[PDB]
Amino acid sequence: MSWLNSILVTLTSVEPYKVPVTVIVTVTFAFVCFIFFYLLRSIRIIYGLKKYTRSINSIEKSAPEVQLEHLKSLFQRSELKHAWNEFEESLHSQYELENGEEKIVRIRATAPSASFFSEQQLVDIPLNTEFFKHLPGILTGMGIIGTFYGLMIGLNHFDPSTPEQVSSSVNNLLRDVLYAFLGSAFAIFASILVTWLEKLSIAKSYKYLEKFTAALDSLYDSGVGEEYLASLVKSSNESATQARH
Amino acid sequence: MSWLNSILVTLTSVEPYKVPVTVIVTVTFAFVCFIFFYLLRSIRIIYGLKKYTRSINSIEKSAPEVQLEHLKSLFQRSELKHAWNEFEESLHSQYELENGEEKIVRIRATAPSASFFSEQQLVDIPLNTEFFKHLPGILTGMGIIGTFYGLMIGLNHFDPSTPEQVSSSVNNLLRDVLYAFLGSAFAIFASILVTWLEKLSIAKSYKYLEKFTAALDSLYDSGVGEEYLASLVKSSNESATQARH
Amino acid sequence: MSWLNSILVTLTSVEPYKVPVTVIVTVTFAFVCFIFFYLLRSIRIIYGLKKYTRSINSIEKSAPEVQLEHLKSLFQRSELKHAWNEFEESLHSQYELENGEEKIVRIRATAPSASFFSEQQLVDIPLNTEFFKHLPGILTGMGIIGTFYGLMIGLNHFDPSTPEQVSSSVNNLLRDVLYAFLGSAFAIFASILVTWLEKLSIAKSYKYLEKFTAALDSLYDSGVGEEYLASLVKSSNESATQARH
Amino acid sequence: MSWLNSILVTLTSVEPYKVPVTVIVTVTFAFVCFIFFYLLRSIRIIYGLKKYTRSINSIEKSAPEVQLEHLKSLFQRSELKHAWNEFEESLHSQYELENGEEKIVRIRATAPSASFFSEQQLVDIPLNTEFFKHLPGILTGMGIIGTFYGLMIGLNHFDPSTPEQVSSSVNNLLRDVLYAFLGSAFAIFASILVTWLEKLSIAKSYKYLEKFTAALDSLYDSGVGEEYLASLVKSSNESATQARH
Amino acid sequence: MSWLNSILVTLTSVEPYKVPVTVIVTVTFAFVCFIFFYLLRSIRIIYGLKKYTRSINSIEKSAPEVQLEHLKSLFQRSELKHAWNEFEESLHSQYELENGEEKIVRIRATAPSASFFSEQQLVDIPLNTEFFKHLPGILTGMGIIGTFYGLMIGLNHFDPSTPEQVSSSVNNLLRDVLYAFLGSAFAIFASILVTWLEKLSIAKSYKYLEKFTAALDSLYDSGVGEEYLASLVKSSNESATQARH
Amino acid sequence: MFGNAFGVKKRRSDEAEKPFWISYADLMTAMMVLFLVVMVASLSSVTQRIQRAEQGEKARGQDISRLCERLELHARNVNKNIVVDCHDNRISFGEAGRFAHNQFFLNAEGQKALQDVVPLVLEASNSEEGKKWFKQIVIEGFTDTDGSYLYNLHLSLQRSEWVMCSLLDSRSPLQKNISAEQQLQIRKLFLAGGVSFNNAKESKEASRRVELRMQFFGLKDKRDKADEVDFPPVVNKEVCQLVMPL
Amino acid sequence: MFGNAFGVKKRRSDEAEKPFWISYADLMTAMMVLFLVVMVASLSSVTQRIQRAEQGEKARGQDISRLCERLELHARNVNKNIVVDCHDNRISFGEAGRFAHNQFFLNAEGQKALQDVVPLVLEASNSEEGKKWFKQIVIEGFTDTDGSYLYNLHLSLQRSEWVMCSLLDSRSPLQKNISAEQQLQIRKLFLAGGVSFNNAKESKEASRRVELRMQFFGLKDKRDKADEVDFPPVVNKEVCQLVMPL
Ligand SMILES: CCCCCCCCCCCCCCCCCC(=O)OC[C@H](COP(=O)([O-])OCC(O)COP(=O)([O-])OC[C@@H](COC(=O)CCCCCCCCCCCCCCCCC)OC(=O)CCCCCCCCCCCCCCCCC)OC(=O)CCCCCCCCCCCCCCCCC
Ligand SMILES: CCCCCCCCCCCCCCCCCC(=O)OC[C@H](COP(=O)([O-])OCC(O)COP(=O)([O-])OC[C@@H](COC(=O)CCCCCCCCCCCCCCCCC)OC(=O)CCCCCCCCCCCCCCCCC)OC(=O)CCCCCCCCCCCCCCCCC
Ligand SMILES: CCCCCCCC/C=C\CCCCCCCC(=O)OC[C@H](COP(=O)(O)OCCN)OC(=O)CCCCCCC/C=C\CCCCCCCC
Ligand SMILES: CCCCCCCC/C=C\CCCCCCCC(=O)OC[C@H](COP(=O)(O)OCCN)OC(=O)CCCCCCC/C=C\CCCCCCCC
Ligand SMILES: [Ca+2]
Ligand SMILES: [Ca+2]
Ligand SMILES: [Ca+2]
Ligand SMILES: [Ca+2]
Ligand SMILES: [Ca+2]
């Protein structure tokens, strides 16, 4: 086809230096996007999680109402605001009669706080980890495309007619592939760096999210339903005995 | 063997340009199918999720019966119609005897909204993610098939058997290799482009489905079984007390 | 030792054509095994799921008992017979005293139908997806082994002891490389085709299984435990006043 | 550097035939370790699962106490013993006065049998699949390493001083490339054979574990808690009526 | 661009032997980091898990209060303190009034210990398994960068201007190829060794974590809620009979 | 027991593809193609250099053979006693080149043939083959192995000097026949060599002889002004040094 | 309400590397190696004749250099006047070899150096290196382009004849230190004759000199036995025929 020859001569007419610069610029823009949307975002997330954990650890000995109010005032970021609202829906306040009034004496947990302050909600959705975990593969592919493009440029211009032409064509082909591999090696180095930074950041985000949910779990005791069932069984036995008495 | 030699002469008889053309055409067809069946479909899903989230936020402060009717009328697409029916089954309606009749005073949640408006049913199955997450690998493998078959053509033509016609053999080999690498580079470019598009779309779909389920989860409060158990325990204690009195 | 040289004489003694033929035959046999044990099985599973959904979407207006015997007689298949038995165990039948006897008035779902008609029990284990998802790698490995063995044959044949024998030796070695690449190219083409069909079959099977379980989920309503607890709380509250009166 | 040359002389000093021998022996040792630690254990696990399924299917029509004793004596492997203890304590035995002592009349299932006889517990951990699924890549990597090492030996010992020295060095290079091809072919063959055997074994293990847990799941019925709550509600209503009467 | 030309001329003038030295230094640093941050930590984790398991197995036949005190002492001076605290919250202590004092007669499990002593928080996060499963690929990327760069240098230097210069060009090219192969062989050997080591250690870690959480589960029995419900049902029936009598 | 059976599932993020073995495979695909291309290009180039050198040497030999053939044909056309041997690039004299004891001059036929062959050599060097390959001509003296060695050497060297004079003596017909440019060219071409003693077959008649041979540029030889010694234009006539009473 | 808390979920089990990519990297590396080694073998095969010829040329150069270094070492040890140019195989007697205008003799040092170096060069030629690569010795003559041509030619010819006389004249000091076999070897290894023109030196006094320039067999010559001739034993002493009193 003449279309294939036309697109080939169009593609391979670009200067061989424009392949490495294109690969480097594209990989660098992808790296800057990664830094801004994932690395900095995850650093802010970890800082906020540490600060929230410090705040929660400071109301361990407070009254249930006071610490509930403190936690309600603490959580204002939208994702953690909704997470706290659902978690507080999960908490079961136990009332007792003092001075002829119903007041909270103890707050019990029915679900772990990780059910609401989950890894997805607080880390995965904010960091777009469903996308950013595939970025190293994209960078590697861009480097590979750069190398193949440089090789194609070198091969299109090869002239095997005369030995001097053969030598010059070999030199030009190697030079074009060397440019392209400069771009590709930059792409692979950036892929390695992105892999390391991403995996470290996600591991630390999960670590401090676990610490945050651990701080939230320590405030409230679980196992209230079994206690209620035991109380019902005891009440039934006592009711039978008291009926006879 | 006559069969294998016939197979080779049949394969290598094709014009070398038809190899990159076939790879490019089929890979472009795969890309078009990806756009039609995954990308535009995911865009429609995201827009629908955003519109449904907007609709749910408008009934935050309405009566539970009015909220229920509005949500029943809102969800009419098949998979969300089924999801809403199941979710409404999960909701617990608390009745009180008011003005001689039973009226719904509060609707309580028993399961998260994500349990029925799941990522699978609403995103992964309509988008056929079980197939499309493997499409980039298929595209790269198609490029690899083009690479082998093009180098097979090139090696087939290389048989000069005469010093005069060595230049023609080298030229034909370079042309066939150029075709093979053009096909492979296009296939790799399309594979990384598909990876970009599908992972970005799936991340956005999960993000907005999370927002939708969070909007649904804020309508109804959970923890009603524990309240019922607490009521039963208190009832047993006051029952013994009332019996003695 | 001399053992290595002896075996290398043994292996590299076969004709170069016998290797692509062996690769093609074994890869075609594995492809036929894939088509028989996997593709036709997945097609039969999909059509069975479609047929089962139609019947369930047909008893949606029948009396709960009649529905129950219709579903019991419908499911005659070891995996689905067991899944139906377990699902029926998960259903809670409600009895009310009518005409002096206990008759089923309503059947309630306590677990989703996918907990028993799950993907592993109905698709993954019947299709041996734990094996067949790794078949393309096996096919490509067979092709690579064939290519390597053909390369050993070609390299054993290559021996330009004279300056005038260099062109003939190079051409013959390139022909042997052509044979080996033929084996590899066929194996990789078959692997890509198998991957495409296998992923598409999984996507279709999962979609139709979701439709089937959604049909089953629609027959029965959940929330029976919360209703029972609300009834118990109401009964205790009424019983206090009953005792007083 | 002097260090690099010393390393090259030390590494290259080994005989060329010791690299294919090393690759073949190391790959064969890895294959034998795979056979002993994965394949034989998987075969033993599958045979035990089939025998246990036959024993469970034989004990279907016995009294609950006899079934419990038979199943307790059946499972003696440490993982099976732990799984059976957990499953048995998850089973709910219903006692009825017949007629002066507590007798077990029915045993109910409050959890799936696969929750304790799970794939992780019974197949994945004993088979060390977390290591053995990466073995074929290790085998192919050792093939690649042998290729590189053999060529290093061939290249370092190249002696261009004299024309017959050149001829002998070229012959050594050709033998080294043939050796590298042989080692790579053997490594890839053993890798794909390990992959085939491993995936077939793991699929059969999952199939027979599913059959075994289905056999256990058939012995006992679920939904005991909902039945208890229904009994409690009916008892409350009947107690109100009985108090009035 | 002048900068690109300067970069190309400086990268072409690099001594061929420096590339393998850089590969070796970087891969050795990565291996030392792997040993320090993953292998030694995994060994420590495994030893600690075995020590914990032996400590738990020493209180199989002890009184429940003594068991609880021993476990609290065992996990209190550790990083598993909060996991143990949550697990003990999930434990239901049954009380009986003996000698006028409320004493713990039995402890019942309401959740598996794997839900608190999870794999992520005990193995994956400490070992950074998210990153270290990518380290073999990182080493492979370093190897390919070094190899391609060295082979490009070798081909750039290879240019026989006259047939009398063929011997020297061949010798120098073989030396450069030897350097590139050295780099790649070291990098791929370290990749395979890292894969083997960290897969084996992660398998051992999972095995011993399972032994630990199984020792935790062996202490306490489950199913107390169904027993409480059965007691409530019996008490209701007996209360009706008691009222009549 | 207090949990909900309708809980979230599929909590499984897909693992990303490992990209580095893909990069290794594709970069070795490019490198393999590069090595194949360099293989075929280098083999073709080296073979082309080898065949180019072979055919250049053959063309130089063919040009030398053509020059010798045309020079021998011209020699036959001019006068028949000339003996030209293309196999060793030597022009000899069949019988006119003989010499007797205590004799240092050719006979009348010898002098005539010596005068006749000069314009033929000038024409041969003039032609394209001469410009491409023709070196200067040396004169070799031959004498029997008998008698006094110094006597034989002096006699043969005197023969060579007399031949050179007859080439360039003013009284010789060549000087009055040739021009200044032809004289300068003769000065550039004709040189005096050594004395050889190739005595064989016990034939003193043919042993004591003088013949002229032409040399040729090699394929690798270079033409430059340093070797091109330019004689100044003739300002005075030349009289020979060996006088007749000797 | 009645969910199972003991329902377990499979871990995050990351899949292994796809075997196709590592196998493809292995295959591509193997192909790259195959093409490299086939290029190496093919290039070493096509040029093996050229390699062997170049090795033989280098060996000939080494042998010639060793022989020349041995000869110049002998010259340095014995007589300071004899200076040897191993770069272009020249024996020079610069100070002792100056020739004044219109005379063909030399001072005492010229003869001392010549009759001293001849036995040393004979000993060098008699060695295995000499018996393998040493041909006869050419006496070099130099003339200028000024004045009458034939006078300069006669002067150079007389200088060469005087050199040969001095090598092989009766009563010469060399003749008292020689044997018959050595005299025969000198007769065989020496030819007197040869003239040249050059402008590579800044002074005309330099052209008034004599030099010894030995030349060697080519690689493909290899000492053709038929070229060698023979001389009879000396029956009477040689007598120089140049005018010594002048
Ligand atoms: C020649 C150039 C090559 C071009 C490219 C290759 C060929 C074309 C690719 C085919 C895909 C496009 C077809 C779309 C047309 C209409 C379909 C439609 O409307 O619904 C689509 C459907 C819509 O689904 P939905 O909207 O959710 O459902 C409602 C619809 O109404 C849908 O429900 P429904 O009510 O309509 O039900 C119908 C359903 C019924 O489904 C069932 O009941 C069960 C289905 C079981 C699935 C098993 C697969 C089919 C088995 C056939 C086996 C044939 C063997 C092939 C060759 C073997 C020997 C060579 O059937 C299907 O829709 C099946 C899926 C269609 C794909 C199968 C193509 C069959 C034609 C054969 C083509 C021949 C060329 C082969 C080339 C290679 C060799 C030379 O789309 C999807 O499900 C999404 C995936 C789309 C696939 C895109 C493919 C990517 C591109 C890959 C390129 C090549 C791959 C590399 C391998 C080759 C070797 C190297
Ligand atoms: C002889 C050298 C020759 C070779 C040179 C090249 C090396 C190539 C090797 C390839 C990779 C092998 C590395 C294996 C070990 C790493 C595994 C790991 O996760 O370690 C655990 C460990 C942290 O986890 P852990 O065990 O729990 O540690 C306790 C925590 O510190 C405390 O516990 P926590 O969790 O509560 O802590 C809070 C947490 C949470 O805080 C956060 O917010 C962190 C989350 C995001 C992290 C943001 C950090 C961004 C840093 C920017 C770049 C810095 C350097 C990059 C170097 C590459 C550039 C050439 O904070 C952190 O984790 C921050 C620590 C991470 C920063 C590490 C220090 C920076 C460089 C190390 C200095 C030593 C020099 C060695 C050689 C330098 C290379 C030339 O991380 C390290 O300390 C790793 C450092 C070891 C050397 C790393 C070398 C960088 C590799 C990048 C690839 C190079 C590509 C070339 C780029 C060119 C592009 C054109
Ligand atoms: C962390 C990397 C992970 C794996 C990478 C694999 C290998 C890739 C790398 C690298 C090149 C080898 C490193 C050499 C360092 C030596 C520096 C030194 O001591 O001297 C300082 C030097 C003086 O020496 P020269 O004058 O250049 O000597 C010339 C002799 N012919 O001056 C300087 O200031 C530094 C000059 C830098 C030289 C090397 C540049 C390498 C940079 C990046 C490498 C990236 C991969 C290569 C891709 C190439 C594609 C075109
Ligand atoms: C089910 C297989 C799974 C995957 C398969 C991929 C491998 C693809 C390859 C290859 C083709 C094998 C060649 C044919 C097999 C034997 C048929 C046969 O009868 O051949 C005859 C011939 C006898 O000929 P003669 O009578 O002596 O004289 C003839 C002179 N012209 O027999 C042979 O040479 C024997 C061939 C060897 C068979 C082994 C094949 C192994 C394949 C792959 C594994 C890698 C090998 C590594 C060995 C390492 C040893 C420590
Ligand atoms: Ca707590
Ligand atoms: Ca809510
Ligand atoms: Ca339902
Ligand atoms: Ca059951
Ligand atoms: Ca237990």
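Quick note on labels: first sequence line is chain A, next is B, and so on, each numbered from 1.
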- Query: Could you give the distance from CZ (B/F34) to CD1 (B/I138), rounded to the nearest 0.5 Å?
  - Reply: 12.5 Å
- Message: Test your reading of the model: is there a side-chain donor-acceptor pair from A/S6 to the backbone of A/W3, 3.5 Å cut-off?
- Response: no
- Of all the heavy-atom pairs spanning E/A185 and D/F148, show the shortest one and how long it is. CB-CB, 3.7 Å
- Task: Go through the steps for B/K199 and A/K133 under the test side chain to side chain contact (heavy atoms under 4.5 Å, CB included), then give the verdict.
- Result: CA-CA 9 Å; B/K199 300 312 182 172; A/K133 66 153 77 74; over 6 Å; no
- Residue pair B/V166 / F/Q48, side-chain heavy-atom distance below 4.5 Å: no
- Query: Are E/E15 and E/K18 within salt-bridge range, i.e. N to O under 4.0 Å?
  - Reply: no
- Query: Do B/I192 and A/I145 come within less than 4.5 Å of each other through their side chains, counting heavy atoms only?
  - Reply: yes
- How close do A/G143 and A/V23 get, heavy atom to heavy atom, and via which atoms? CA-CG1, 4.2 Å
- Query: Which value, rounded to the nearest 0.5 Å, describes the distance between G/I22 atom CD1 and F/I22 atom CD1?
  - Reply: 12.5 Å
- Message: Side chains of A/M142 and A/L139, heavy atoms from C-beta outward: is any pair under 4.5 Å?
- Response: yes
- Task: Please confirm whether the backbone N or O of B/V9 pairs with a side-chain atom of B/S13, one donor and one acceptor, at under 3.5 Å?
- Result: yes
- Smallest heavy-atom separation, B/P160 atom then B/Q165 atom, equals O-OE1, 2.8 Å
- Message: Against A/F158, only a single residue in B/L174, B/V177, B/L178, B/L173 fulfils side-chain contact (heavy atoms from CB on, under 4.5 Å); can you say which?
- Response: B/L174
- Message: Between A/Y179 and E/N5, does the side-chain hydrogen bond (donor to acceptor under 3.5 Å, both in side chains) criterion hold? Intermediate values first, please.
- Response: CA-CA 9 Å; A/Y179 278 131; E/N5 291 351; 2.9 Å; yes
- Point-to-point distance, once rounded to the nearest 0.5 Å, from CD of B/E198 to CG of B/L193: 10.5 Å
- Task: Report the C-alpha separation of B/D176 and B/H157 in whole Å, then their side-chain angles, then the decisive distance to 0.1 Å, and conclude whether the side-chain hydrogen bond (donor to acceptor under 3.5 Å, both in side chains) test is met.
- Result: CA-CA 9 Å; B/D176 303 338; B/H157 293 105; 3.2 Å; yes
- Message: Before you tell me yes or no, could you show the steps for A/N156 and A/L11 under side chain to side chain contact (heavy atoms under 4.5 Å, CB included), namely the whole-Å CA-CA distance, both residues' side-chain angles and the distance that decides it to 0.1 Å?
- Response: CA-CA 10 Å; A/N156 198 230; A/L11 294 171; over 6 Å; no
- Would you say the side-chain atoms of F/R49 pair up with the backbone N or O of E/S161, donor to acceptor, closer than 3.5 Å? yes
- Query: Quick one: does E/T147's side chain have a donor or acceptor within less than 3.5 Å of a partner on E/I144's backbone?
  - Reply: no
- Are side-chain heavy atoms of E/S167 and G/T47 found at a separation under 4.5 Å? no
- Step by step, work out the side chain to side chain contact (heavy atoms under 4.5 Å, CB included) result for B/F31 and B/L135. CA-CA 9 Å; B/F31 188 78; B/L135 180 63; over 6 Å; no
- Task: Search all heavy atoms of A/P16 against all heavy atoms of A/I153 and return the closest pair with its distance.
- Result: CG-CG2, 4.2 Å
- Item | Working for side-chain hydrogen bond (donor to acceptor under 3.5 Å, both in side chains), residues A/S168 and A/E164 | CA-CA 6 Å; A/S168 65; A/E164 287 75 19; over 6 Å; no
- Take F/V46 and F/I50, measure what side chain to side chain contact (heavy atoms under 4.5 Å, CB included) needs, and give me the verdict at the end. CA-CA 6 Å; F/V46 171; F/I50 297 169; 3.9 Å; yes
- Query: Would you say the side chain of E/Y17 lies within less than 4.5 Å of the side chain of E/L182, judging by non-hydrogen atoms?
  - Reply: no
- Item | Inter-residue atom distance B/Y149.OH - B/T22.OG1, 0.5 Å rounding | 8.5 Å
- Closest heavy-atom pair and its distance - F/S45, A/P163: OG-CB, 3.7 Å
- Query: Does the side chain of F/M32 come within less than 4.5 Å of B/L151's, by heavy atoms?
  - Reply: yes
- Message: Quick check for you: to the nearest 0.5 Å, what is the distance between E/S191 atom OG and E/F186 atom CZ?
- Response: 12.0 Å
- Greater than 12 external heavy atoms within 6.0 Å of B/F189's CZ: no
- Without swapping roles, check the side chain of B/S184 against the backbone of B/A180 for a donor-acceptor pair under 3.5 Å. no
- Working to the nearest 0.5 Å, report the span between CE of E/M152 and CE of F/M31. 3.5 Å
- Task: Walk me through it: do E/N172 and E/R175 pass the test side-chain hydrogen bond (donor to acceptor under 3.5 Å, both in side chains)?
- Result: CA-CA 5 Å; E/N172 298 340; E/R175 174 61 44 159; over 6 Å; no
- Indicate the atoms forming the closest heavy-atom contact of B/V27 with B/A190, along with that distance. CG1-CB, 3.5 Å
- Beyond-backbone contact of B/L39 with B/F132, side-chain heavy atoms, under 4.5 angstrom: no
- Item | Pairwise side-chain contact, C/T140 with G/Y24, heavy-atom cut-off 4.5 Å (strictly under) | no
